[PDB]
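Notes follow the structure.
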Amino acid sequence: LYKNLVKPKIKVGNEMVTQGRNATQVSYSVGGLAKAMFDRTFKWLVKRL
Amino acid sequence: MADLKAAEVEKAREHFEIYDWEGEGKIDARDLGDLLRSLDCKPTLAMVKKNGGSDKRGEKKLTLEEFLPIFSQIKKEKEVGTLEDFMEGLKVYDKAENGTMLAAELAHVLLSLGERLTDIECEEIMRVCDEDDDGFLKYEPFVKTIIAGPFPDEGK
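So the protein lines, in turn, are chains G and D.
Counting from 392, one number per residue, gives the positions in the first sequence under PDB author numbering.
Counting from 1, one number per residue, gives the positions in the second sequence under PDB author numbering.
Put into structure tokens, the structure is as follows:
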């Protein structure tokens, strides 16, 4: 879990670089996973309903 | 293609963030010289100005967005140098097959042609030597300490 928020994996085509996010960006980038997750529970309900 | 790895991006960030003396995130075009040098790419001032650099101070300022398309160009150079070129080169002094070099004769070659060193830097290059009169250095320990750097095993 933790690590990847601060220091991501950026694969640009054929090259991969680890580099740099921030404080507002960790409590953006965790959602992030809660961007996918919230909008997929939203979409899960949209489907279900 | 080539592009900068996570480790390399950290090397480039650290040094740049150090060079921000102002508090705005920028480097001078003069300071482009020793910045790349600390980044460990070894260039001529000719290589520095080739990518937008200055003799003078107070000319142009470059961001990291500018600086990285400098550094990712610089990495292409192949002819950096080895040891053995320098051996072959510094052997030419000989006259009697001794590999030994008199002090005046050795300061003068450092001063005269090239990007050049000063009077002052020659006083420093001599500093490590002690207690040999009329007055001989030697080609092999000399070159090896240059490539070894400021702290091989000992270091002052």
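We put the CB at the ideal spot given by N, CA and C, even for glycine.
In three-state terms, what does DSSP make of residue i?
i: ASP28(D); result: strand
i: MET1(D); result: coil
i: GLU59(D); result: coil
i: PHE71(D); result: helix
i: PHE151(D); result: coil
i: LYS138(D); result: strand
i: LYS78(D); result: coil
i: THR100(D); result: strand
i: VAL92(D); result: helix
i: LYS400(G); result: coil
Against chain D, with Cβ distances strictly below 9 Å, would residue i count as a contact?
i: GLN416(G); result: no
i: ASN413(G); result: no
i: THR432(G); result: no
i: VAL403(G); result: yes
Does any CB atom of chain G fall closer than 9 Å to the CB of residue i?
i: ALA2(D); result: yes
i: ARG57(D); result: no
i: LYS5(D); result: yes
i: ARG13(D); result: yes
i: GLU17(D); result: no
i: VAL143(D); result: no
i: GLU10(D); result: yes
Considering only the beta carbon of each residue, do residue i and residue j sit closer than 9 Å?
i: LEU64(D); j: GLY23(D); result: no
i: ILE147(D); j: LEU102(D); result: no
i: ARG57(D); j: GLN410(G); result: no
i: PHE86(D); j: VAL128(D); result: no
i: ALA6(D); j: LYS398(G); result: yes
i: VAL80(D); j: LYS138(D); result: no
i: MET126(D); j: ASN405(G); result: no
Using the rule of at least 16 other Cβ atoms within 10 Å of the residue's Cβ for burial, across every protein chain shown, is residue i buried or exposed?
i: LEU32(D); result: buried
i: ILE27(D); result: buried
i: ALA29(D); result: buried
i: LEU62(D); result: buried
i: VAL48(D); result: buried
Checklist entry - Contact between the region 101-112 of chain D and the region 67-79 of chain D: three or more CB pairs below 8 Å? => result no
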